[PDB]
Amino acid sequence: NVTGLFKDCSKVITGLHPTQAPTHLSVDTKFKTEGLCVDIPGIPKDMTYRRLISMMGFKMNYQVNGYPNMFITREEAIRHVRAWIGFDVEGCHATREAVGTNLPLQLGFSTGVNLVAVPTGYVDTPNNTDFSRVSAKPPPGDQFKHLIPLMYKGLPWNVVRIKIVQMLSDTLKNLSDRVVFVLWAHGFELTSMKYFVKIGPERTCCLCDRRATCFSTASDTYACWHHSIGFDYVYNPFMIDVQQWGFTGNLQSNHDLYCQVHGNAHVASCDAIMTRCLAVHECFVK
């Protein structure tokens, strides 16, 4: 029994040395014996590797005292409809030095905003995990043709996450004390959140009594939507997967049952707009 979470996507034909392998599974077969691992005199550590680690397969199903749930019920989501922001991500595939994982490329929101990121991944090295630009290409097919010019229009993730916080803050400061990301098939959206979301116990803003919705790695401080200028991370967001409500087919067919004013213009923000619109019609119309 294995998981896809933290799958090693490198093309290296062997496993790792016992001192460098993050897990028993990743240690090379040559060191395995009698149920455990052995150090072999004369067999050295690898000092120049770059192994892309997949961030697909997160499971936010923990129950830890004082830490809120990220995924909320339909009833809780309905009470916080003013915090609803549809979210969708179009990915690009790892290529050349790695294969087997999706990297965020176009991040779309129900506000009409699309942000383009440089293809970036988590690369294990002999010393640390290097969060860096990796070789990538858009998926093949006429439906993903629009993603080709985006491969050279991306911004570094340190700039993208600041822009996400600024956009959420401007949109939500006079609407809600939180954000509820409205998702359709959450897997890849939760993987993208790893790039711009931090979690922890419920905190209060550094300048007021409101709950913290943002975090800054510059000062290790917390802020609400009113005081988050310059902040780089979304702190303790909430989210819901609309697909889990009983729908069978794709997003567009389900959205089209209630709405005709949102024609699919084939872009991440349109999928995010359709997702929020479908959830609003399902919960508040007729």
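Here, rigid core means the biggest group of C-alpha atoms that superpose within 1.5 Å across both forms. Each residue number is its position in the shown sequence, starting from 1.
Between 32-40 and 229-237, the larger root mean square Cα shift in 8 other deposited structures of this protein, once each structure is superposed on the rigid core, falls on 32-40. Higher mean CA B-factor, judged across 41-49 and 233-241 from the recorded values: 41-49. Of the two stretches examined, 79-87 and 144-152, the record assigns the greater average C-alpha temperature factor to 144-152. Going by the entry's values, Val261 shows the largest Cα B-factor out of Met60, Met55, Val27, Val261.
Within the group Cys206, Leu105, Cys214, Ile164, the record's highest C-alpha temperature factor is found at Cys206. Sort the modelled residues of the chain by CA B factor and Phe247 lands in the highest third. For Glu97, the recorded CA temperature factor ranks within the highest third of the chain's modelled residues. For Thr191, the recorded CA B-factor ranks within the lowest third of the chain. Only modelled residues enter the ranking. Among the modelled residues of its chain, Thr125 has a C-alpha B-factor that falls in the lowest third according to the deposited record.
Sorting the modelled residues of the chain by their CA temperature factor places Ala279 in the middle third.
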